[PDB]
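See structure below.
Values in this text are rule-based calculations from the coordinates and carry no lab data. Cβ sites come from the backbone with ideal geometry, for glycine too, and all protein chains shown count toward neighbours.
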Amino acid sequence: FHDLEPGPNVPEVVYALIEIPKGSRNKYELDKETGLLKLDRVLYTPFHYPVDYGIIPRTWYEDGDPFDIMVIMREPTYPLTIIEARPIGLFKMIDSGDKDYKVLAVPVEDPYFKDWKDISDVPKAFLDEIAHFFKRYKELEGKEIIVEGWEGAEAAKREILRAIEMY
Amino acid sequence: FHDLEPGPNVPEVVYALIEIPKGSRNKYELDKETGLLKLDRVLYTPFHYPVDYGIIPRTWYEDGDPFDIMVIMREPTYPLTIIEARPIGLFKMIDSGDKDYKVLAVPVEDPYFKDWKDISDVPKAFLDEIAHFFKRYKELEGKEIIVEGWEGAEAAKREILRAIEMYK
Amino acid sequence: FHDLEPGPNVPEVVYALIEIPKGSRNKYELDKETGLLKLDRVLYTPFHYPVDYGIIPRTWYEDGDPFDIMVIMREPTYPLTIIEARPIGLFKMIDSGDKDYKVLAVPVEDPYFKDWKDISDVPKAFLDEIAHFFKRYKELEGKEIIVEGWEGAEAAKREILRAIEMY
Amino acid sequence: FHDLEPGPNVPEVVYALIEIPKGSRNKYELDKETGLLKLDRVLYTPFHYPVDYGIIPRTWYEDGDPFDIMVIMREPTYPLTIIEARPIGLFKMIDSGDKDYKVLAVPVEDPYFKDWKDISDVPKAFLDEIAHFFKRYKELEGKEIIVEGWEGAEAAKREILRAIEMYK
Amino acid sequence: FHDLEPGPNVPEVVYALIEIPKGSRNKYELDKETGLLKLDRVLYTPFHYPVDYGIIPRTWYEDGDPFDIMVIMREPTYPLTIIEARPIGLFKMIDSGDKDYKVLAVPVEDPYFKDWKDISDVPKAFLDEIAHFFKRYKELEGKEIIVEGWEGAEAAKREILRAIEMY
Amino acid sequence: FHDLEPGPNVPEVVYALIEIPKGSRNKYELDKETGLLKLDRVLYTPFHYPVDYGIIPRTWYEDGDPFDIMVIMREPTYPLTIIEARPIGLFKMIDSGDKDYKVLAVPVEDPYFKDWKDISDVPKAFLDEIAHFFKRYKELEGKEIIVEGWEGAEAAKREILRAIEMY
């Protein structure tokens, strides 16, 4: 089952339940019916998840699916691992005509990112790398998405607080 | 960790709960009570599993252990992840008196194997490396294992059913 | 571990419930309110654990924390992997405030260590490589640790049945 | 490091000197003068090569660089190792004005691919992931690349010859 | 390296000829009488190099040895990999007998460090993680090292053209 | 080309030019016509080289092929890497009716094996693991071999000195 919480200070520090460790071509997903890790699909192209992709406990990103969070990690964690994350941005894209934003966060417990606190704290090539990833990783799956851009911490925190109360 | 079902439409597609990620030399089993991961043993020889090995939920085979399944995976998965596998063959092997059969399943969610529906679609070398592995991976342990051969998907599934029925 | 017999033989055949697989730089920890894997920190230096690091269920060690056990593995397992271990020694050190004793062990089901029963059977340098490890990993984090030395197997097996009963 | 020949019997089997081991995100090229490994660049997107990429010794193609070869390898090899590859197809792609074609070769010394003689033997998904990779792996860099398609082994080899003849 | 232009721009665009890929615990070295890769030693502690470690061809540094350069790479290369680097700093330390200065650099052809030119652009903790590294790796081998601190990019670029000419 | 030497003290310490790093399923081989690494074959079975397999510079194991040496290494080296090796045993087997012995050595520069100097210094499960490997790794290649056993250092040193003078 799951019943864990959104995290400590909330908009400030949040919990990140990881499903896909950086470097994976295999896209996993936490099962709601079981609570165990299940294989969603193997990316049709040689893309490797650029970050530790996961969700934030008990959040409701409109309808259904929890709010997804991308944690920058210098060494991938294992699926189903909880991370205390400091949001720093909001990746904004539209899939089937709808907003499909995601929280770009960073690890609290890794001094490397101690002074990282807002998109303008992340080299641009990286952001473009995460962006270029969602833009093409499902293309062979007959899906194309429209990318809008990013937003800083506040928007992130802003969306999180919401997604949570919406939950 | 067995409150889950044998999978989607049982015959044609089942769930494979992995225990051993491809390329591993540590042999992990799914603990009875706990459900958690258990270091079964460290193979006595420099072999690494050539597939993702695991079990089909809610199934019981001849010996008296879950029906084992082998999912051919390009990139290994983590012990305990669920996988929607499509059987394509049955591995017949006898471990020390026990009729220890295994299913050869492929990922439903990887196009690479889009046209791997039956044992006749698998490169004969791969099948060969698979039987050789079991044929010998225990030799040092003292257990001698005889290999019998292969059977296609239909067989695989016929056995899947029977295993499900034996859980009860 | 919420519930799990400490080990099937005691003294000897003990149950090691790994948290940090050898080779890892991410220091993981097990939470009791959840039972899920949780990222605790990221070693501030480029240090990688020299052994799988775990704990013995249903134990209690003087500081309140469980009983830490270092299993010596060739190929690292996965966090939450239950390993039937077998303590061949005890590593004495103090995180500066209450002694923090780790239990050096060897996995059964691996003929490789067939003849490993005391720290005397353990190559010296290795033993050292560990000593240095704790005597130096947190240092960077502005913290010190007093590493005395090692104690025998029976020694370890002593502090062990203590804690396994101390409940 | 090019005193070596195009390979055994040139058409049917060539040598492939690898530069990029499968699964790598760092792009390595074979330095002109030195011969030694050169970090060409770090791909701008989370792509990892899906094959062992390298060059056919003593060959020169249209653009003005060695004829490139792709060896499908289960377990990647080290940059600079030689491999006896068996072509089975030709990848047609145009990089910024240049007719940048590549050979699709398989290992002679891996039974797994025993029956991979032509492009029709390759799982269509794999071929698809291959073209998608080139089609986009440079997008961020500013270079836009158009993909043209595939041709079988005969084609591959016809081009191998021509490349050899252009070295001279 | 028997022969190879130190780098195409000097000051800046320098030629780094890696010996020990980041992540490695085997300390490799390049032999001049052969030019082949050679195992030099195995760090006595479970330390793994934090960066690809190399040297600048056709240089000479006060002790007779070449000029060491630490490139900061995301994915490690392979020994004998020529990387067009770019020194953003200088790491000052002394192996106890003659100062041993390393040259912290950043690879070009990796937009990620697009804006890395001085140690000020380098996350602090990281810089530290290195400092600790040398200030602690050989210790176990009954040896000490005096780690002062870091110096700027121009600082590094200075000691550099020294050695590149000192021949 | 190659022209390197057998090693330092000779029967005592020897050089090991590695072709196949521990963990490889891919069997490589140093090319005599080129001197570059070439792929011999990919093992027909999921065996992974148990050790760093290689050759000793300028040795003549009867006809042709250089004397092969197996170095025990806790972390694999890269192909074409030179290692100073301390012989400790002779693996004895017969392939096509002939002796096809190999030198089992150990790394000088890794304190872990400081006190390893003779087969009786290597856990037995390991020796049986190396042995079981050659016994079956070419079976699917229609070849079966006959395994005789091992011999200690002196035999090794004895065979090396010979193989060299024979060269």
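Any residue in the range D:86-108 that is in contact (Cβ under 8 Å) with a residue 40 or more places away in the chain, of a type in the set (S, T, N, Q), more than 13 Å from every other protein chain (Cβ to nearest Cβ) and surrounded by fewer than 21 Cβ atoms within 10 Å (Cβ to Cβ)?
Yes - at least one qualifying residue is present in the range D:86-108.
So for the range D:139-162 (the condition being more than 8 Å from every other protein chain (Cβ to nearest Cβ), in contact with a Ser or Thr (Cβ under 9 Å, 6 or more places away or on another chain), among the β-branched types (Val, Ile, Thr) and without any contact (Cβ under 8 Å) to a residue 60 or more places away in the chain), does at least one residue qualify?
Yes: one or more hits.
Across the range B:43-56, what is the number of residues that are in contact with a helix residue (DSSP H, G or I) (Cβ under 7 Å, 6 or more places away or on another chain) and assigned to a strand (DSSP E or B)?
Result for the range B:43-56: 1.
Would you pick out the residues in the range F:100-118 that are away from every other protein chain (no Cβ under 11 Å) and either hydroxyl-bearing (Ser, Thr, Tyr) or more than 18 Å from F:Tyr53 (Cβ to Cβ) (or both)?
Residues satisfying the conditions are F:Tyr101, F:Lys117, F:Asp118.
Just need a number here: residues in the range E:68-102 that are under 10 Å from the mean Cα position of the chain (by Cα) and crowded, with 24+ Cβ neighbours inside 10 Å.
Number of matching residues: 4.
Would you please name the residue that is surrounded by the most Cβ atoms within 10 Å (Cβ to Cβ), looking only at residues in the range D:35-77 that are more than 24 Å from D:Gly97 (Cα to Cα) and among the basic types (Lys, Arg)?
D:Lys38
With the requirement that a residue be free of Cβ contacts under 8 Å to residues at least 12 places away in the same chain, outside any strand (DSSP E or B) and of a type in the set (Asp, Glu), what does the range D:1-37 give you?
D:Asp3, D:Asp31, D:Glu33
Checking F:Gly54 against (1) touching a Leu at 6+ places or on another chain (Cβ under 8 Å); (2) not in a strand (DSSP E or B), which single condition isn't satisfied?
Looking at each condition in turn, F:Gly54 falls short on (2).
Does D:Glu129 satisfy the condition of being touching a residue at least 60 places away in the same chain (Cβ under 8 Å), out of contact with any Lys or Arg (no Cβ under 8 Å at 6 or more places or on another chain), part of a helix (DSSP H, G or I) and farther than 27 Å from D:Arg58 by Cβ?
yes
Might you check whether a residue that is hydroxyl-bearing (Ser, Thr, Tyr), within 11 Å of another protein chain (Cβ to nearest Cβ), assigned to a helix (DSSP H, G or I) and touching a residue at least 12 places away in the same chain (Cβ under 8 Å) occurs anywhere in the range D:117-125?
To start, the set of residues in the range D:117-125 that are hydroxyl-bearing (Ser, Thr, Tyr) comprises D:120.
Then drop every residue that is not within 11 Å of another protein chain (Cβ to nearest Cβ), which leaves none.
No, there is no match, as no residue in the range D:117-125 is hydroxyl-bearing (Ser, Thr, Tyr), within 11 Å of another protein chain (Cβ to nearest Cβ), assigned to a helix (DSSP H, G or I) and touching a residue at least 12 places away in the same chain (Cβ under 8 Å).
Among A:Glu12, A:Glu5, A:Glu33, which is within 13 Å of chain B (Cβ to nearest Cβ) and out of contact with any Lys or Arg (no Cβ under 6 Å at 6 or more places or on another chain)?
Just a single option satisfies the conditions, and that option is A:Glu33.
Inspect all residues belonging to the range E:50-62 and state whether any of them is over 25 Å from E:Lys143 (Cβ atoms) and surrounded by fewer than 22 Cβ atoms within 10 Å (Cβ to Cβ).
Checked against the condition, which is being over 25 Å from E:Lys143 (Cβ atoms) and surrounded by fewer than 22 Cβ atoms within 10 Å (Cβ to Cβ), the range E:50-62 yields at least one hit.
Residues to consider are E:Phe91, E:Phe133; find the one that is in contact (Cβ under 8 Å) with a residue 12 or more places away in the chain, touching a helix residue (DSSP H, G or I) at 6+ places or on another chain (Cβ under 8 Å) and more than 30 Å from A:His132 (Cα to Cα).
None of the others qualify; the one that does is E:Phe91.
Do you know which residues across the range F:36-51 are facing chain D (nearest Cβ under 10 Å) and part of a strand (DSSP E or B)?
Across the range F:36-51, the qualifying residues are F:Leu37, F:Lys38, F:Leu39, F:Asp40, F:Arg41, F:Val42.
Which of the residues that make up the range B:87-125 are closer than 16 Å to D:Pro123 by Cα and among the aromatic types (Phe, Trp, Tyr)?
B:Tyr112, B:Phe113, B:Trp116, listed by residue number.
For the range C:131-143, give me each residue that is facing chain E (nearest Cβ under 8 Å) and assigned to a helix (DSSP H, G or I).
Correct list: C:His132, C:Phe133, C:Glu139, C:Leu140.
Just one of the numbered conditions (1) of a type outside the set (A, V, I, L, M); (2) in contact with a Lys or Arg (Cβ under 8 Å, 6 or more places away or on another chain); (3) within 30 Å of E:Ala131 (Cα to Cα) is not true of C:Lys102; which one?
Every listed condition holds for C:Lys102 apart from (2).
Any chance the range F:71-79 includes a residue that's within 23 Å of D:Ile82 (Cβ to Cβ), in contact with a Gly (Cβ under 8 Å, 6 or more places away or on another chain) and not aliphatic (A, V, I, L, M)?
Kept after step one, since they are within 23 Å of D:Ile82 (Cβ to Cβ), are these residues of the range F:71-79: F:76-79.
Restricting the remaining residues to those that are in contact with a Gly (Cβ under 8 Å, 6 or more places away or on another chain) gives F:76.
The next check asks that each one be not aliphatic (A, V, I, L, M); those that pass are F:76.
Yes, that holds for at least one residue.
Please tell me if B:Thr77 is under 28 Å from F:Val51 (Cα atoms), part of a loop (DSSP other than H, G, I, E, B), within 11 Å of another protein chain (Cβ to nearest Cβ) and of a type in the set (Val, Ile, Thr).
Spelling it out, B:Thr77 is indeed under 28 Å from F:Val51 (Cα atoms), part of a loop (DSSP other than H, G, I, E, B), within 11 Å of another protein chain (Cβ to nearest Cβ) and of a type in the set (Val, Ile, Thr).
Residues that are within 23 Å of A:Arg25 (Cβ to Cβ) and over 12 Å from the mean Cα position of the chain (by Cα): does the range D:54-71 have at least one?
No - not one qualifying residue is present in the range D:54-71.
Being more than 9 Å from every other protein chain (Cβ to nearest Cβ), buried (at least 21 other Cβ atoms within 10 Å of the Cβ) and over 13 Å from E:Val103 (Cβ atoms) is the filter here, so list the residues in the range E:15-29 that pass it.
Of everything in the range E:15-29, those that are more than 9 Å from every other protein chain (Cβ to nearest Cβ), buried (at least 21 other Cβ atoms within 10 Å of the Cβ) and over 13 Å from E:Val103 (Cβ atoms) turn out to be E:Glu19, E:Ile20.
May I ask you to say which residue of E:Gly54, E:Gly97 is without any contact (Cβ under 8 Å) to a residue 12 or more places away in the chain, more than 14 Å from chain A (Cβ to nearest Cβ), of a type outside the set (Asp, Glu) and out of contact with any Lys or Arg (no Cβ under 9 Å at 6 or more places or on another chain)?
E:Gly97
Residues in the range C:34-48: is at least one touching a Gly at 6+ places or on another chain (Cβ under 9 Å) and surrounded by fewer than 20 Cβ atoms within 10 Å (Cβ to Cβ)? Spell out how you get there, then give the answer.
In the first step, residues of the range C:34-48 are kept if they are touching a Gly at 6+ places or on another chain (Cβ under 9 Å); the result is C:46, C:48.
With the extra rule that they be surrounded by fewer than 20 Cβ atoms within 10 Å (Cβ to Cβ), the set shrinks to none.
Within the range C:34-48 (the criterion being touching a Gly at 6+ places or on another chain (Cβ under 9 Å) and surrounded by fewer than 20 Cβ atoms within 10 Å (Cβ to Cβ)), the answer is no, since none of the residues qualifies.
Can you name the residue in the range A:62-94 that is assigned to a loop (DSSP other than H, G, I, E, B) and among the hydrophobic types (A, V, I, L, M, F, W, C) and is also farthest from the other protein chains (Cβ to nearest Cβ) among such residues? Steps first, please.
Taking the range A:62-94 as the starting set, the residues that turn out to be assigned to a loop (DSSP other than H, G, I, E, B) are A:62-67, A:72-80.
Still in the list and also among the hydrophobic types (A, V, I, L, M, F, W, C): A:67, A:72-73, A:80.
Working: A:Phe67: 18, A:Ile72: 12, A:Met73: 8, A:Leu80: 6 Å.
Checking each candidate, the answer is A:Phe67.
Can you tell me which residue within the range D:23-59, out of those that are at the interface with another protein chain (Cβ under 9 Å from one of its Cβ atoms) and charged (D, E, K, R), is nearest to A:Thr45 (Cα to Cα)?
The residue in question is D:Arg25.
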